[PDB]
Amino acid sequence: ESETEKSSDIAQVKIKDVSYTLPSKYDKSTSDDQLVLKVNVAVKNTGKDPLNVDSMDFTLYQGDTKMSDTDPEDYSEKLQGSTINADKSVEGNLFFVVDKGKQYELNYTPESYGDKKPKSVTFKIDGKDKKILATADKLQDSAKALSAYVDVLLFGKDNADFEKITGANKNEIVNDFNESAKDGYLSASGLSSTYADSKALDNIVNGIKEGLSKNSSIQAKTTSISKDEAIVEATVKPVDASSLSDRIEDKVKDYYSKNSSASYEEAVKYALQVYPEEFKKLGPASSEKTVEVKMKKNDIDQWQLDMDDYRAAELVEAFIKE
């Protein structure tokens, strides 16, 4: 008997690892404020007869309260019900619904004939331990990365962390985004593909981005992690552009009330000029929209957003309410 290794005459239990995890996308026993404690254990049969070892043989207490056992997204990641003969060992993970940073107690009762207490082993787990707490911090890494993408792409904000955090190069992803955005704007407003590489259209992009950086908000939370891919829940407060139509219509009229003999080209070009300055005048909308976005982790633990994924488009579309 010691801190992470304890034994009875019939079994030996070793706690190989302890970390905080986010619940399964399909977990229904956890709260938004709860985590899942992942305890990797090893059970050695120190007895003679074969010993059945199951997840059900372990219970966790938080304080004096018994906590629920839970399942990961892929149940194969959990300790499997098996049988082990003398000196044979099974190894696997255990999952329990917990409130972060508490005092846990893991109890193991071997599947044996007779009295529980003598054959059982109990371990104390300090949830406020620095190492264990570190694991809880890495959980929102994907949301940090999603927010960096929003900063560089949508807000036009600088972010020296972007390359380090995501693995993508800002200059390329931003230029591609800005071109796609200009091309999409022209088609949506039936204008000539000529205006694509013009000051007017770059001022529109730079203006929209300045407006969103100030008058729109994103709250990003990683809700689930499953192997090399996470789910980030983006709660977006959009800019209310409901009035933008009228504002340009009114500024355009104010340009006809000025110069009567103004052609359709003169007035169109002027409308594309006031657009940035009028967008920058709009405030956030009352409502919020929550978009689920999938991030993908690499080897060097960097999270990425696929710009071609429909969920990325939905995230971008969520920033402006009409």
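Note that residue numbering follows the sequence shown and begins at 1.
Chemist: Of the two stretches 98 to 106 and 165 to 173, which shows the higher Cα B-factor on average in the entry?
Modeler: Averaged over C-alpha atoms, the B-factors run higher in 165 to 173.
Chemist: What stretch has the higher average Cα B-factor here, 198 to 206 or 182 to 190?
Modeler: Stretch with the greater average CA B-factor: 182 to 190.
Chemist: I'd like to know which of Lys117, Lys237, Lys251, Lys221 has the highest C-alpha temperature factor in the PDB entry.
Modeler: Most elevated C-alpha B-factor of the set, per the entry: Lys251.
Chemist: Highest Cα B-factor in the deposition, which of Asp141, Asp246, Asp151, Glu77?
Modeler: Top of the list by C-alpha B-factor: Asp246.
Chemist: Split the chain's modelled residues into thirds by Cα B-factor; is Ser213 in the lowest, middle or highest one?
Modeler: CA B-factor rank for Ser213: lowest third.
Chemist: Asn298's Cα B-factor: lowest, middle or highest third of the chain?
Modeler: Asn298: CA B-factor falls in the highest third of its chain.
Chemist: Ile10: which third of its chain by C-alpha temperature factor?
Modeler: As the PDB entry reports it, the C-alpha B-factor of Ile10 lands in the highest third of its chain.
Chemist: Within this chain's modelled residues, let me know which third the CA B factor of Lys269 belongs to: lowest, middle or highest.
Modeler: Highest third, going by the recorded CA B-factors of the chain.
Chemist: Using the B-factor values recorded in the entry, state whether the Cα atom of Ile132 falls in the lowest, middle or highest third among the modelled residues of its chain.
Modeler: Its C-alpha B-factor, which the entry lists for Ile132, ranks in the middle third among residues of this chain.
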